[PDB]
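Written out below as structure tokens is the structure these notes cover.
Only the coordinates and a few stated rules stand behind these numbers; no lab work does. As a convention, Cβ positions derive from the backbone with ideal geometry for all residues, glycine included, and neighbour counts pool all protein chains shown.
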There are 2 protein chains.
Amino acid sequence: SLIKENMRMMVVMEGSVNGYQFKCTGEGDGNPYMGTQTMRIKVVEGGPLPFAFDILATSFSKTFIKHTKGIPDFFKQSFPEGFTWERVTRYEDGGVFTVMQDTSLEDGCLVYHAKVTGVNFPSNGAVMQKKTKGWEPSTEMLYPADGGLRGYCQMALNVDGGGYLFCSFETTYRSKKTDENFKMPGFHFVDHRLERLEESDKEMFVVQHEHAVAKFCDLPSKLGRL
Amino acid sequence: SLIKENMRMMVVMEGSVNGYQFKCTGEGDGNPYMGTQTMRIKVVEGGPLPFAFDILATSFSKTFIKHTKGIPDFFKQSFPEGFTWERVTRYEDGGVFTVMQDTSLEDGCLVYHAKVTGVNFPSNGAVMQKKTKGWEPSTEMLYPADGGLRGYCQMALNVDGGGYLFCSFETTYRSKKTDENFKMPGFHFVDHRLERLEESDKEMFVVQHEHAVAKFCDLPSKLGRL
């Protein structure tokens, strides 16, 4: 199959946050069926960034989700054509981060192109003041909609002092493939845990890891529901 | 302890939806430590309601959450004083459901008083057209805030035709107890599965059941985090 037990990925991210232009590139690898992946990222233009790199974290890889309980895999099924994802993240303090991402497969390497736009981040907020300390894990809720797959997520960002900064997002994943055999998943969840393993040069070099698993609620049901 | 292996509860809910006044009463039983509970509800004023009972479901019981390790029980620790919860649920189609709830313990029985207000529910929406078919399970994300415990949830309501209606809410849980020995939990999740077991008389009688468990993310961590 096109998606092997071990896969490499390359990324280019370009955009702006509060009008500040920047560009990042990255390369990594992972085990798509295990739901694990690692990415080494460099800020190639605009570094050192005047905002917390944490806001870019979720924009740097859907092919690396372990699918349990027979939940159809929207992403792995999309190759060789690939897919796109579009998202809007709203922070509790006004900041909004919108992304349009394209995922392709070239010569056996996954290729990502993310176009990002961050707006209205408060000048004295943790993001613009670089007082963030990584994300907590989260649970995404998904279901078919708008000719694709819709996902909703709520996340908490650790901040200096021991508090948290909340944000939520809605995503629409769209397949570039037109296949009679394509199997669409139904309502389900994806547990995520994105952790920063390393960083250097005022966040101009960052190493991120993510573990993701598609699953159903583990609680028993009185009606025989998933 | 004040909260026993088996507990009963009594509830009174009064308020309005889109200007329509109603009142409900209920009594239930559960096992607080197992995280299970059942409530038998009757609409005593305004029935049959012109809106889907489903929108009231989450307003009818935090004492019934299973706890294993690492997460102190904000709710069970609050007795005998009890606690309150305040919440705002926003539906993707404009409807907003706001609640102020009081939880007390009288003569060994849990007593709930919920004051609710639903506004702007679209006339032709699933709620006002009574085309809803129960909630999917969900995962609530919690952390300390505003002198209490903050909770965020995202829920999907099944609707006639096989689709879903999305909503999300933010809650603030406040303990009525002042105790220097009170242990505040840190960041965690609560998995919920609320199901309707029975109903009759155009929803003038409803039996709901809920299973809830406080937990950390299931996924392993690369950094030894919880």
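Here's the yes/no breakdown for (1) buried (at least 20 other Cβ atoms within 10 Å of the Cβ); (2) over 17 Å from A:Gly30 (Cα atoms); (3) within 14 Å of chain B (Cβ to nearest Cβ); (4) not hydroxyl-bearing (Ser, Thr, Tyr):
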residue	(1), (2), (3), (4)
A:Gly95	yes, yes, no, yes
A:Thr98	no, yes, no, no
A:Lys115	no, yes, no, yes
A:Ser123	no, yes, no, no
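Out of region A:185-215, which residues are over 16 Å from the mean Cα position of the chain (by Cα) and either over 21 Å from A:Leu142 (Cα atoms) or within 8 Å of chain B (Cβ to nearest Cβ) (or both)? Give the derivation first.
To start, the set of residues in region A:185-215 that are over 16 Å from the mean Cα position of the chain (by Cα) comprises A:185-188, A:197-205, A:215.
Within region A:185-215, A:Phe187, A:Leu197, A:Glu198, A:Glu199, A:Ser200, A:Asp201, A:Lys202, A:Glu203, A:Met204, A:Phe205 meet the criteria.
Filter region B:12-38 down to the residues that are touching a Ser or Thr at 6+ places or on another chain (Cβ under 7 Å) and either small (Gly, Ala, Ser) or surrounded by 22 or more Cβ atoms within 10 Å (Cβ to Cβ) (or both) and list them by number.
Selection gives B:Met13, B:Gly15, B:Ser16, B:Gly28, B:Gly30, B:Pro32, B:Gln37.
Quick check: is even one residue across region A:136-147 of a type in the set (A, V, I, L, M, F, W, C), within 14 Å of chain B (Cβ to nearest Cβ) and crowded, with 20+ Cβ neighbours inside 10 Å? Outline the logic, then answer.
Restricting attention to region A:136-147, the residues satisfying the condition of being of a type in the set (A, V, I, L, M, F, W, C) are A:141-142, A:145.
Filter once more, so that each one left must be within 14 Å of chain B (Cβ to nearest Cβ): A:141-142, A:145.
Pick out the ones that are also crowded, with 20+ Cβ neighbours inside 10 Å and you get A:141-142.
Checked region A:136-147: at least one residue is of a type in the set (A, V, I, L, M, F, W, C), within 14 Å of chain B (Cβ to nearest Cβ) and crowded, with 20+ Cβ neighbours inside 10 Å.
Pick from region A:163-179 the residues that are touching a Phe, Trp or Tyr at 6+ places or on another chain (Cβ under 9 Å) and outside any strand (DSSP E or B): which of them is farthest from A:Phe83 (Cα to Cα)?
A:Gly163
Please name all residue pairs, on different chains or six or more residues apart, with Cβ atoms under 8 Å, provided the first residue is in region B:159-184 and is away from every other protein chain (no Cβ under 11 Å) and the second residue is surrounded by fewer than 19 Cβ atoms within 10 Å (Cβ to Cβ) and of a type in the set (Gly, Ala, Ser).
B:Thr172/B:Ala145; B:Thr172/B:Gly148; B:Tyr173/B:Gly148; B:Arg174/B:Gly147; B:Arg174/B:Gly148; B:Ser175/B:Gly148
Quick check on my filter: what residues within region B:78-91 are surrounded by 15 or more Cβ atoms within 10 Å (Cβ to Cβ) and outside any strand (DSSP E or B)?
Passing the criteria: B:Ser78, B:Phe79, B:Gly82.
Pull up region A:217-226, narrow it to residues that are within 22 Å of B:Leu219 (Cα to Cα) and facing another protein chain (nearest Cβ under 8 Å), then point me to the one that is surrounded by the fewest Cβ atoms within 10 Å (Cβ to Cβ).
Going through the qualifying residues, I end up with A:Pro220.
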